[PDB]
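Q: When the letters of the sequence shown are read in order and numbered with the authors' numbering, they come out as residues 534 to 676, 676A, 677 to 858.
Where a beta carbon is used, it is the ideal one built from N, C-alpha and C, also for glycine.
Just passing along the structure, written as structure tokens.
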Amino acid sequence: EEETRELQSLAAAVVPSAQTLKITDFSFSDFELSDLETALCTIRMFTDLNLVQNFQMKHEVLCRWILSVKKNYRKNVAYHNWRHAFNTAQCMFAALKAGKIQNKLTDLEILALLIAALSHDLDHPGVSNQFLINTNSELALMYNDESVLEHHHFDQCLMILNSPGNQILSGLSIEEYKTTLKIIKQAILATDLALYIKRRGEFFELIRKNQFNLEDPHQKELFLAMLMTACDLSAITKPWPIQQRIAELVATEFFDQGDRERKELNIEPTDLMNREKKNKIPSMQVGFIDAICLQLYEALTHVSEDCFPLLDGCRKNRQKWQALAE
Ligand SMILES: CCCc1nc(C)c2c(=O)nc(-c3cc(S(=O)(=O)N4CCN(CC)CC4)ccc3OCC)[nH]n12
Ligand SMILES: [Mg+2]
Ligand SMILES: [Zn+2]
């Protein structure tokens, strides 16, 4: 069995230090790492956040769970694949450690965030929520057109967590388990950009007015959602060579959806899904940064100044894209 071999290889390998793996760096790149190495990085993230120790995770179970998560991403989807999920978790790790966000959260919240980050795009088909609704996909029918992809991702997450030999939450009490699942679901649903756009104004206003208070349960939940989005979109903050590469992957996925819309819906795709409008990418990236990204990274820096590198990188990438749009 090809999978039992993968499991043994992973379980027997040494876990290099966080320093060696560079996973505390906001500028981290997975490009030169093998699949096995990304799995080892993932073990190191769980380990250095004290999750293995505090929740008594069995090494073998953690290894299998990480392998189940990775295998449940589609290798044929250009951007929303295991590497995106892995990078999102890495950004979460960096924000918690280098950005000092770990001191503001509970162990259960950190556990949920890391699991959620790794699991948030599980089995992503490479098409948008609106595409799924307009084509009457089984997913859209299943979830009544509401955060379709995100409900699917959480259901896939739960399926992995409840499957034999992958139960990494077996060391939690029942009350802890129920709490953790509730947070994971909210954290995964938060990655629906429509929900981010809907909820972020409250967060930005609380920050502007110096009223942000993490002891208020609603504000804590709001913050966790915002942090999920910050990590989900973090490729936009990477050094230029990395961001330019990831942007090509994002455009590939979009153009592939546009091809599907041409054949299956017999429509002309919008500019962002139109491969013929490839020349417009730079201005669309500037638009994405201005409307979606910049305000979030600005707000996060007010929460913790040590998260500044995310804002800095985002600003630098805006300058490079704007230069290419003239
Ligand atoms: C859903 C992809 C979110 C995302 N992550 C990253 C790193 C990127 C990136 O670099 N660039 C794009 C990105 C975002 C927009 S957008 O802001 O206008 N917008 C279009 C519709 N979408 C999806 C439903 C919401 C926002 C437009 C073009 C984009 O990329 C072109 C390569 N989006 N993106
Ligand atoms: Mg998603
Ligand atoms: Zn994502």
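With contact counted as at least three CB pairs below 8 Å, one residue from each stretch, are the region 629 to 636 and the region 725 to 735 in contact?
A: Contact between the region 629 to 636 and the region 725 to 735 is absent, because fewer than three Cβ pairs lie under 8 Å.
Q: Relative to the C-alpha of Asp687, which candidate in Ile706, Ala645, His653 has its C-alpha closest?
A: Nearest C-alpha to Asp687: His653.
Q: Span of the alpha helix (DSSP H) holding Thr769?
A: Here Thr769 belongs to no alpha helix (DSSP H), and DSSP marks it neither H nor E.
Q: Going by C-alpha distance, which of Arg850, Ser836, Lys852, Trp853 is nearest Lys637?
A: Ranking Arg850, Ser836, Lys852, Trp853 by Cα distance to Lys637 puts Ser836 first.
Q: If contact is defined by three or more beta carbon pairs under 8 Å, each pair taking one atom from either stretch, is the region 643 to 651 in contact with the region 784 to 802?
A: The region 784 to 802, when compared against the region 643 to 651, does not touch it at the 8 Å Cβ threshold.
Q: Under DSSP, the alpha helix (DSSP H) around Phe579 begins and ends at which residues?
A: From DSSP, the alpha helix (DSSP H) with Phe579 extends over 568 to 581.
Q: Determine the extent of the alpha helix (DSSP H) in which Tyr829 is found, giving its start and end residues.
A: It spans 826 to 835 - the alpha helix (DSSP H) in which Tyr829 sits, taken as one unbroken run.
Q: Using the rule of at least 16 other Cβ atoms within 10 Å of the residue's Cβ for burial, across every protein chain shown, is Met805 buried or exposed?
A: Looking at its Cβ environment, which holds 16 or more other Cβ atoms inside 10 Å, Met805 is buried.
Q: What would DSSP say about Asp803, mapped onto helix, strand or coil?
A: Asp803 falls in the helix class under three-state DSSP.
Q: Rounded to whole angstroms, what's the CA-CA distance from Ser766 to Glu858? Just pull it up for me.
A: C-alpha separation (whole angstroms): 25 Å.
Q: Do you know how far the Cα of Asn798 is from the Cα of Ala627?
A: Near 44 Å, if we compare the C-alpha coordinates of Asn798 and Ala627.
Q: In terms of residues, what are the limits of the alpha helix (DSSP H) holding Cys596?
A: Residues 592 to 604.
Q: Tell me, please, whether the region 677 to 684 touches the region 741 to 759 by the rule of three or more beta-carbon pairs shorter than 8 Å.
A: Touching, no.
Q: Can you give me the Cβ contacts of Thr833 inside the same chain, cut-off strictly under 7 Å, excluding the 5 residues immediately before and after it?
A: Cβ within range, chain order: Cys839, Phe840, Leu843.
Q: Taking the C-alpha atoms as reference points, what is the distance between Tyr606 and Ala622?
A: Taking the straight line joining both Cα atoms gives about 14 Å.
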